[PDB]
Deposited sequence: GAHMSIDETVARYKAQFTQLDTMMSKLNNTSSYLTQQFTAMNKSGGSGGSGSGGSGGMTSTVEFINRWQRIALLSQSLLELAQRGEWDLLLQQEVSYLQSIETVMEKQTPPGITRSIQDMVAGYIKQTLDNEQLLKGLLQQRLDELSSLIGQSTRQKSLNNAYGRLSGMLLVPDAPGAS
C-alpha cells in the first residue's frame, strides 16, 4: 500500500513543519527571557527545569527517530512554556539562583538549535521518501 504510506509521509511533513514554526515562536521568547536574567523560590527553579527537561526529551526523541512520540511531547513542551509566561520571576532572586537558571535557559536554546536542525533534515528526508515512493508506484503499475 504505497498510496497509504505516502499519505502518512505528507501528514508527518506538515505536523513536523508546524512544530518547526512554533519552535521559532518559542526561540524568541526564550532568548529574550534569557537576556533578562543577566517558599515560592522552589517553584521557580522547577518551572525553568521542566522546560529544560522537556527540550531534552524532544532532542532525544529526534536523535532516536521517535517522531510519533516527538509530536505527542510537543504539546506538553508548549504547555510548560506558557506556565512560565503566566508566572513572573519572584522578587527573591539571588546571584546564585539567577545564574543557575541562566544555565538552564541556555540549555534549552542549544537543545532547540540541534532539534531544529534534526527537525529540518527529517523534512528533507520525507520529501525524498515521497518522491521515491511515487516513482516506485509507477514501476508497480507498469509491471503489475
Regions left out of the model, expressed as runs of the deposited sequence counted from 1: 1-4, 43-58, 165-179
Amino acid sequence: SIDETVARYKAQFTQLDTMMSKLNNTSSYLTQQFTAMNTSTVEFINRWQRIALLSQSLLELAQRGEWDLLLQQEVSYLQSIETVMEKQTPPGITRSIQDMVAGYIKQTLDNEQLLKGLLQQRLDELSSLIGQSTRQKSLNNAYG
From here on, numbers count along this sequence of modelled residues.
Greater mean Cα temperature factor according to the PDB record, 107-115 or 88-96: 88-96
Higher-B stretch (mean Cα B-factor, as the entry records it), 54-62 or 22-30: 22-30
Where the record places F44 (Cα B-factor, split into thirds across the chain): highest
